[PDB]
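K.L.:
sequence unknown, structure follows:
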């Protein structure tokens, strides 16, 4: 689900620029290692 | 013509150029060096013996 | 049937974000080892007109347009692919900041072997790990050989 | 010899000086007592040599 | 500045490259390439930690090479005290020379003996007083073991050659020492290194300035020094003539 | 130079150099714990003469 969570992340940081990992995790419910490698590829 | 003193604080911004002026002095002295006529050469005079 | 599944799962180029489209485009540029023309982009993203996306891709420093032909080329971190250029860069260094092997592999994938043989030549100041000789931040060998005095003399020196 | 963060040095040397002071004497101004196991305090040389059957 | 200072810096480079670790080489090269530095700037440049930094800094303090400076702006700076550094180097090389020379002198002596049962060495004289009644061999006092000779006579030429080649390796240091003794040394201070400040960063946290204190007498060691183209021209003059007319 | 006024405390020694030589009154006593190393060095720097005066 790489591409879907990628666009979903773009709305999410658009909602809040200081979006934390814990706020990211509850907004995803996904494999976390897959989650973490996606986040750093684009932003913080 | 003023002797420098550590009691004086100076200006830090202007006094950052102190070593730059020093190496300017060295370069200028290097430029100013030239050979001297033996008719008046005190260095040859003191290098007599 | 796998191709049909992939075609069904193929997301249309109208992505949710032009940033996502441009990210996939930069993936397509990076995965190609040649300066690819604008027709390659028109192949990849199925649109013809010049876009804000295309304009920002031109504005990207890492993506260089060719005024001669149109071959968009990826621009790496370092334009050094020879040890002569590497030594010239090291001699051209202005501070003592070291340089990672990863962005040097970018553009010059056969840089790690070059780094290893330069260290065996003692021509560099490499940083290697303690788990293994894994090269890291490097510096120019300003002085002579690192392996200078023999092990017994260095040993009795440490006794000193 | 290793990494010295300059905030263990002071108490480490203070402990060293404290303990050699204790070994020398344990009859000092009453800020420490410096007992061992068990609750009987360690006798130092002054306690070994004090009056009433201490060695003299 | 003076080339003798440059010889001093290259001497330090050679000394560390020949007698110390690569981390020491990197640290001293960086702090000579730059000036007095803060610790976090060093962590930024070398991507290092206090854990790695500790033993190296401690060894450099132990050899009296780099004076450590601390000031409140507390910010910690580091500079090579030149006279204490060269005097430490001179003392260490003198000690090494005397040590190895006396090693060669002692190795020119007869090797001696030992009793391997007690693993205790015995001198030639101790062998003389521990002989048998046969006046042939020597018996131990405790283990009653026949004394076996020490093995250093072949090592005499080996230690001589090690001395010779070590002097050959150390000879550039000797020459630099000779040129230093020819020169006259000015003692390094923190503010002297401030006068030759070499900034690595444009984002350094530390204010590399000296801020003195009045009303203070605090004394410490390590700081002691006891045609067509003509037409437009004429048309330019036409505009200027009209411009001066209204004025 | 100026001397402190030593305050005996615990198992160590602190100084206080009032020193009265600022542009003002210099009300800055250097509350500095004197190192055993510097006491040793300065004791090494005493005259024989001075030992006899002090009764050493």
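P.N.:
Cool, the structure landed. Residues are numbered from 1 along each chain as shown, chains lettered A, B, ... in the order given.

K.L.:
Flag every residue of chain B that's near chain A.
P.N.:
On the criterion C-beta under 8 Å from any C-beta of the partner chain, chain A has no neighbours in chain B. Every residue, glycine included, has its C-beta placed from N, CA and C.

K.L.:
residues from chain B in reach of chain E?
P.N.:
So far as C-beta under 8 Å from any C-beta goes, chain B lies against chain E at B:12, B:18-19, B:23.

K.L.:
Can you flag which of the residues you listed belong to helices?
P.N.:
Under the assignment DSSP state H, the residues of chain B next to chain E contribute B:12, B:18-19, B:23 to helices.

K.L.:
so can I have a markdown table of the residues you listed showing neighbour count?
P.N.:
Output for those, formatted as a markdown table (neighbours: other C-beta atoms under 10 Å in any protein chain shown):
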| residue | neighbour count |
| --- | --- |
| B:12 | 8 |
| B:18 | 11 |
| B:19 | 13 |
| B:23 | 10 |
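
K.L.:
Find the residue at the geometric middle of the chain.
P.N.:
All of this is about chain A. Among the residues of chain A, the one closest to the centroid is residue A:9, at 4.5 Å (C-alpha atoms, centre = their mean).

K.L.:
Chain D, not that one
P.N.:
residue D:22 (1.9 Å).

K.L.:
so which helix or strand takes in that one?
P.N.:
Secondary structure from DSSP states H and E places residue D:22 in helix D:9-24.

K.L.:
next one: residue D:47
P.N.:
Using DSSP H and E, residue D:47 falls in helix D:45-49.

K.L.:
And that helix, what's buried?
P.N.:
Neighbour counts over helix D:45-49 (16 or more other C-beta atoms under 10 Å in any protein chain shown) mark no residue as buried.

K.L.:
Is any residue of it near chain F?
P.N.:
No. Applying C-beta under 8 Å from any C-beta, one finds helix D:45-49 separated from chain F by no less than 15.6 Å.

K.L.:
can you give me the end-to-end distance of stretch C:24-38?
P.N.:
15 Å (C-alpha to C-alpha, to the nearest Å).

K.L.:
Can you name the residue of chain A nearest to chain F?
P.N.:
Residue nearest to chain F within chain A: residue A:18 (45.0 Å; C-beta to the nearest C-beta).

K.L.:
residues in contact with that residue?
P.N.:
Neighbouring residues of residue A:18 by C-beta atoms under 8 Å, 6 or more residues apart in numbering or on different chains: there are none.

K.L.:
isn't there a helix covering it?
P.N.:
No. With DSSP: H, G, I helix; E, B strand; the rest coil as the criterion, residue A:18 is assigned coil and is not in a helix.

K.L.:
From residue E:155, how far off is it?
P.N.:
72 Å (C-beta to C-beta, to the nearest Å).

K.L.:
Can the helix holding residue D:22 be said to contact chain E?
P.N.:
No. Contact of helix D:9-24 with chain E (C-beta under 8 Å from any C-beta) is absent, the minimum separation being 11.2 Å.

K.L.:
Counting by contacts, list what that helix packs against.
P.N.:
helix D:45-49 (3 or more C-beta pairs under 8 Å, 6 or more residues apart in numbering or on different chains; DSSP states H and E).

K.L.:
What's opposite residue C:74 in the beta bridge?
P.N.:
residue C:63 (DSSP bridges).

K.L.:
That one and residue C:30 touch, don't they?
P.N.:
Yes. Between residue C:74 and residue C:30 there is a contact under C-beta atoms under 8 Å: 5.7 Å.

K.L.:
Pick out whichever of these two has more residues nearby.
P.N.:
Shown here are residue C:74 and residue C:30; by other C-beta atoms under 10 Å in any protein chain shown, residue C:74 has more neighbours (19 against 13).

K.L.:
what sits against the more buried one?
P.N.:
C:29-30, C:35, C:62-64.

K.L.:
how deep is the residue in chain F that chain E sits nearest to tucked in, by neighbour count?
P.N.:
Closest contact between chain F and chain E, by C-beta to the nearest C-beta, is at residue F:22 (3.3 Å). The tally of other residues near residue F:22 (other C-beta under 10 Å) stands at 14.

K.L.:
Could you report the neighbour count for the residue lying closest to it once chain neighbours are set aside?
P.N.:
Of all residues not flanking residue F:22 in the chain, residue E:215 sits nearest, at 3.3 Å (C-beta to C-beta, 6 or more residues apart in numbering or on different chains). Counted with other C-beta under 10 Å, the neighbours of residue E:215 add up to 17.

K.L.:
Ramachandran angles for residue E:215?
P.N.:
Phi and psi for residue E:215, reported as degrees, to the nearest 10, are phi 80, psi 10.

K.L.:
hang on, residue C:15 packs against residue A:4?
P.N.:
No. Applying C-beta under 8 Å, one finds residue C:15 not in contact with residue A:4, separated by 10.4 Å.

K.L.:
Of these two, which one has the most company?
P.N.:
Neighbour count, other C-beta under 10 Å: between residue C:15 and residue A:4, residue C:15 has more, with 18 against 10.

K.L.:
That one and residue E:190, how far apart?
P.N.:
From residue C:15 to residue E:190 the distance is 59 Å (C-beta to C-beta).

K.L.:
again, but for residue C:102
P.N.:
Residue C:102 is 38 Å from residue E:190, by C-beta to C-beta.

K.L.:
And for residue F:23?
P.N.:
24 Å.

K.L.:
quick one, which of these two is more surrounded?
P.N.:
Ranked by neighbour count (other C-beta under 10 Å), residue F:23 and residue E:190 place residue E:190 first, with 20 against 7.

K.L.:
Give me the contacts around stretch C:79-88.
P.N.:
C:89, C:104, C:107-108, C:111, C:114, C:118, C:123, C:140.

K.L.:
can you tell me which of those are in helices?
P.N.:
Short answer: the contacts of stretch C:79-88 in helices (DSSP H) are C:89, C:104, C:114, C:118.
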